[PDB]
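One chain is shown next in structure tokens, namely the form deposited in one PDB entry.
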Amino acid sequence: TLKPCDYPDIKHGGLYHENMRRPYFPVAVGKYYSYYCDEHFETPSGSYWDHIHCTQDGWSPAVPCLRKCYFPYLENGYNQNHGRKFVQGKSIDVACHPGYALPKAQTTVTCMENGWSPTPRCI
């Protein structure tokens, strides 16, 4: 018998019912457990919780929790993207009012694991 999966270390999240489940690892292929993501991350299901599965090739999804960035209101810019949600890795062309721009000569902002880089502001 094989039990390849050990307690899943979930970045930006965790398992539900840790205390009850932790003593039963390692686990066999096919087992799964409900998990949550921290504030601002979501599961591939669009919820902030889902289930993670033990496979031959490890825990799946491989990346259980991804960052979601809210695009902020732009004081002196065009607000087509105000209130929009963007996923980690997403890049944006900030459209600034005439006479205004991103600081220090930037042109785009990216949703990073820790949030917008750099901060979308206009001036």
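We call the rigid core whatever largest set of C-alpha positions still superposes within 1.5 Å between the two forms. All residue numbers are counted from 1 along the displayed sequence.
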Entry B factor averaged over C-alpha atoms, 68-76 against 51-59: higher for 51-59
When the C-alpha temperature factors are averaged for each of 14-22 and 101-109, which stretch ends up with the higher value in the entry? 101-109
Given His40, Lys31, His82, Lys85, the residue at which the Cα B factor reaches its maximum: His40
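Just so it is clear, the following notes concern the form deposited in another entry, a form of the same protein that is not shown.
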So that I can tell if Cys96 moves, could you say whether its C-alpha shifts by at least 2 Å between this form and the one not shown after the core superposition? no
